[PDB]
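Trainee: Let me give you the structure first, and then I'll get to my questions.
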Amino acid sequence: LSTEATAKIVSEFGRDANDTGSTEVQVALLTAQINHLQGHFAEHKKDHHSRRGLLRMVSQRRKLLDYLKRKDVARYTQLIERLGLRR
Amino acid sequence: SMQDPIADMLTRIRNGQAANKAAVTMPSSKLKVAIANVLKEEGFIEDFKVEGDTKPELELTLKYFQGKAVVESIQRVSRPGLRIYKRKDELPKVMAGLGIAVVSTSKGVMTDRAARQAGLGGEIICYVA
Amino acid sequence: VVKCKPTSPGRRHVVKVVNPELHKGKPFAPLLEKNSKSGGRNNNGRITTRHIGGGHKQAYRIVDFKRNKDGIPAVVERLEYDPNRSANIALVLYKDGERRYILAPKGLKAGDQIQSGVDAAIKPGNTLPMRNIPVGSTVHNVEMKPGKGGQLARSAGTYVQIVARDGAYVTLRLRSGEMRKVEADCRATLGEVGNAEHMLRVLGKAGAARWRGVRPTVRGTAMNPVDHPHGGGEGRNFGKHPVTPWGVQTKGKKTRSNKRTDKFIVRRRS
Amino acid sequence: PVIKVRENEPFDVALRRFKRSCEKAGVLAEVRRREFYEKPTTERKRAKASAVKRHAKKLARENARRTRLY
Amino acid sequence: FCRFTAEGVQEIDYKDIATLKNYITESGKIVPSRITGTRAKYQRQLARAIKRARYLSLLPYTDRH
Amino acid sequence: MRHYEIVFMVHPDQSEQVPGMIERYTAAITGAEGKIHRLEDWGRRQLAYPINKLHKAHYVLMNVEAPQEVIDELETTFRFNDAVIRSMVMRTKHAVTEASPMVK
RNA sequence: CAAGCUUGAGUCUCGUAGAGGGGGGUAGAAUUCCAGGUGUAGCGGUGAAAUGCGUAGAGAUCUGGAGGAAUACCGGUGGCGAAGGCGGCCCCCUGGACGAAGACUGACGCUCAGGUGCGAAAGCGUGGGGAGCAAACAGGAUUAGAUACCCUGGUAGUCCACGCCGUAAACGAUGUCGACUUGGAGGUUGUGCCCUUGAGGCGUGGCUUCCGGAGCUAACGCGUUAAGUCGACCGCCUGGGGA
Ligand SMILES: [Mg+2]
Ligand SMILES: [Mg+2]
Ligand SMILES: [Mg+2]
Ligand SMILES: [Mg+2]
Ligand SMILES: [Mg+2]
Ligand SMILES: [Mg+2]
Ligand SMILES: [Mg+2]
Ligand SMILES: [Mg+2]
Ligand SMILES: [Mg+2]
Ligand SMILES: [Mg+2]
Ligand SMILES: [Mg+2]
Ligand SMILES: [Mg+2]
Ligand SMILES: [Mg+2]
Ligand SMILES: [Mg+2]
Ligand SMILES: [Mg+2]
Ligand SMILES: [Mg+2]
Ligand SMILES: [Mg+2]
Ligand SMILES: [Mg+2]
Ligand SMILES: [Mg+2]
Ligand SMILES: [Mg+2]
Ligand SMILES: [Mg+2]
Ligand SMILES: [Mg+2]
Ligand SMILES: [Mg+2]
Ligand SMILES: [Mg+2]
């Protein structure tokens, strides 16, 4: 993911334009990676040694969202309704 | 990762004790000062410190008699997987009377030879022989 | 391309070939004509090549095995199920309203802009004659005399591969594995032919013969000895060398004598 | 090796420089190596136990030159 | 007693041949690192800026051609 | 806009079509908004093995910056053209503008 | 339950090295075969032999051509991956690890029965390819016999696109994450310095190989990459056969 395509997500979701470490930023910076990487595994279905990074990114986003679900239930509903994540 | 700091303190004592060092350190706590506030007053270590303003390092100082080591055996008896809670009817004496057992009562951390006559029991943090 | 689910004996073994790219409608009207079922009998009214007769009404679709129009580009429109041959047929709209039918290459869809002629750029779908094609690129619709029509390599999934361009001749390798000389200025078409899995199709039952117009075939040692050499025996017996109906050996005996074409056959198919 | 002889080179000289210039580039090790098939297990075992015995007789020099005998 | 790390290069461009006509043997093979004494980061860049030139027809593959 | 280092080898009978090739391959890049950094001819060079049964070929080095599409086109012209015998296109990570080592 | 901090765990900036995976090209040497040209009696083989190949011209030797598989030198106890494993060059897509100075979020962490994925070779199905090697098989030998090691041939198979199988001494015969405890030789790879001022000295990081002390072990051996002193969790064994 390119530099000026992460410095757009940091400004969209980041409360300081510098913070890059918030939980919503660290979920958006993975979902705007997985949904861009889905159009590489439609051509090369045998690429397991770079599917392990995709399973890593998915199951780390699941942890960083289930932290949020019990920290602040106010932010979590509007975060999933902004990104489209069903659960 | 770290799932206990007390069996990190005791094993730093014993592995700096059989390796003939003089000044073990660790990160501090509020239980590993009320344990090295019992070990000094018993006499197993000379003097402890604490250094720092935001993250403090506890610096012990071990002791030696005749060139050998003071704390010969030091177990750890109530550990985070399995908690031992004993009542003062059945408090243990370690090595028949010479070794202490750092019992956490409700009235502060104290050795069992005083916390059998202060009339209560509690958790048994560590044997020391 | 799925097996049909075994509901009843008759669909237990069917593997279809289905394709959703096709046209679910009526063919282009000014390109049909009549191809009536000749029934395997000539003007003398006798059965000459057996097993044929029955089936379904096969309306011919005219198709351009020449591709004569040089220069002008040509957009593709849709694809259709021409029931004569085992390929599929694209419908082509040229830049000035003329529609035609051509054979469908492997990488074809609705949106391609092919171009026929001498000066065509090299991409699958295009055609150009074989002193401007580069060597190795596999072609279909290869003609044996310049301007006749696409004759070589015209089935469902075949190709021929140009291997050598020397003198004023080119050398191919045909799909049956035989090399062949062709005049260096015949009109070939780049790329393969689309529907590449006709051989996966198992028909399934008896009825898919006599919906395609193939009658039964009675093997030789059934008959009584006035109809075939293999007959006879009070039970089963095949004590004679395997022959045709009409006397000739069948298990290997070569039957090629067209000696006016042997200037061009470089090596036989092995 | 392409040994082109010089001007007035005697023949044993311009032959032994060829034999040396063939032993150096080592075609008689290589065409001995490609004579048979050594599996990827046997070749790896050979080129591990042919490095531990370069280690041991690189080392044992500088220990057996510490204990005299007379 | 190396050369590249001494002279302070950072890339071995293959397009120079006056250097690589020292680091190939008589036949055309590559002389090993425990003979030229080249450090084992620049030996890899040497073994690729030889194999580019052998393709691009500046250095032979064997002695004969 | 990843840079590139292209080199191609044309045939010494057709050695009089290299200004045509140079001023027709500056087109597909510099009209495709990719800048042009260094561009050298190398003359005729002795090879050191037979390629298409000859001995002297003609080298042109072209170090140029481009979008990733036109260079992905520029190999097809070299392949289906038969004027050039070989072509190598490398992806230099930066933009070199020094003289070539074999200009001297 | 409620509120906080930065050392656990993570994100961002700039870079470095690598046979990490998936797809498409292309280059050179050789083995075989085909078409010839020069050429005359033997070649091939083993411990010695024969089977086989040659007077219908083999074997050598030269030019030309089709095709397939593998990548000499580099190549090293060297590098990458979680294991299985991965080697020519070039281009597309893509996964990690590591240093450097910082900014940020505030325990988000560790292990995991049943689950779900990956998992060398052999096999198996459907469709292609087949140069080399090569179970079965055929012949010549050695032998008391030789269904064998040796020899001349050779089909499955090896290879490619897509599906099953889910096993190996899958070995470091050592589950994974963390904290401590004397040293010395290397190799590979980052980086801030000091007269860098050709190969110099002063440092701090990760990863891997030998030798060795306390301590441990039945011994061999291990030895800061522990089989040392500990904490968290899971797997597993209880006499040999039967199995
Ligand atoms: Mg018939
Ligand atoms: Mg039949
Ligand atoms: Mg019948
Ligand atoms: Mg009858
Ligand atoms: Mg009869
Ligand atoms: Mg009978
Ligand atoms: Mg009978
Ligand atoms: Mg802070
Ligand atoms: Mg903070
Ligand atoms: Mg399980
Ligand atoms: Mg297999
Ligand atoms: Mg198979
Ligand atoms: Mg097959
Ligand atoms: Mg074969
Ligand atoms: Mg054999
Ligand atoms: Mg079988
Ligand atoms: Mg097992
Ligand atoms: Mg292994
Ligand atoms: Mg092992
Ligand atoms: Mg095991
Ligand atoms: Mg034990
Ligand atoms: Mg050791
Ligand atoms: Mg352990
Ligand atoms: Mg043990």
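Following the order of the structure tokens, chains are lettered A, B, ..., residues in each are numbered from 1, and ligands are numbered from 1.
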What are the residues of chain G lining chain F at 9 Å or less? Count only C-alpha atoms (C1' of nucleotides), and put the answer as a ChimeraX atom specification.

Mentor: /G:90-92

Trainee: Name the residues in contact with residue C:184 at a cut-off of 7 Å, using only C-alpha atoms (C1' of nucleotides), excluding same-chain residues fewer than 4 positions from it; report them as a PyMOL selection string.

Mentor: chain C and resi 130-131+168-170

Trainee: At a cut-off of 12 Å, using only C-alpha atoms (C1' of nucleotides), what residues contact residue G:67? Leave out same-chain residues fewer than 3 positions from it and give the result as number ranges by chain.

Mentor: G: 32-34, 129-131

Trainee: Could you list, as a PDB file with N, CA and C atoms (P, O5', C5', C4', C3', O3' and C1' of nucleotides), in the first residue's frame, all protein and nucleic acid residues with an atom at most 9 Å from ligand 17, counting only C-alpha atoms (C1' of nucleotides) and all ligand atoms?

Mentor:
```
ATOM      1  P     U G 167      -1.467 -38.074   8.214  1.00  0.00           P
ATOM      2  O5'   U G 167      -0.278 -39.119   8.186  1.00  0.00           O
ATOM      3  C5'   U G 167      -0.509 -40.453   7.776  1.00  0.00           C
ATOM      4  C4'   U G 167       0.605 -40.975   6.913  1.00  0.00           C
ATOM      5  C3'   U G 167       1.993 -40.868   7.500  1.00  0.00           C
ATOM      6  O3'   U G 167       2.299 -42.040   8.228  1.00  0.00           O
ATOM      7  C1'   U G 167       1.954 -40.253   5.173  1.00  0.00           C
ATOM      8  P     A G 168       3.458 -42.088   9.335  1.00  0.00           P
ATOM      9  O5'   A G 168       4.810 -42.065   8.513  1.00  0.00           O
ATOM     10  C5'   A G 168       5.695 -40.972   8.649  1.00  0.00           C
ATOM     11  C4'   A G 168       6.985 -41.200   7.920  1.00  0.00           C
ATOM     12  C3'   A G 168       8.161 -40.446   8.470  1.00  0.00           C
ATOM     13  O3'   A G 168       8.714 -41.105   9.588  1.00  0.00           O
ATOM     14  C1'   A G 168       8.117 -40.213   6.138  1.00  0.00           C
ATOM     15  P     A G 170      12.824 -37.603   8.570  1.00  0.00           P
ATOM     16  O5'   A G 170      11.337 -37.126   8.793  1.00  0.00           O
ATOM     17  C5'   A G 170      10.998 -36.270   9.868  1.00  0.00           C
ATOM     18  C4'   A G 170      10.300 -35.028   9.385  1.00  0.00           C
ATOM     19  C3'   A G 170       9.441 -34.319  10.403  1.00  0.00           C
ATOM     20  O3'   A G 170      10.200 -33.462  11.222  1.00  0.00           O
ATOM     21  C1'   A G 170       8.228 -34.577   8.411  1.00  0.00           C
TER      22        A G 170
END
```

Trainee: Which polymer residues have any atom within 8 Å of an atom of residue E:65, counting only C-alpha atoms (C1' of nucleotides), with same-chain residues fewer than 6 positions away left out, as an NGL selection string?

Mentor: :F and (48-50)
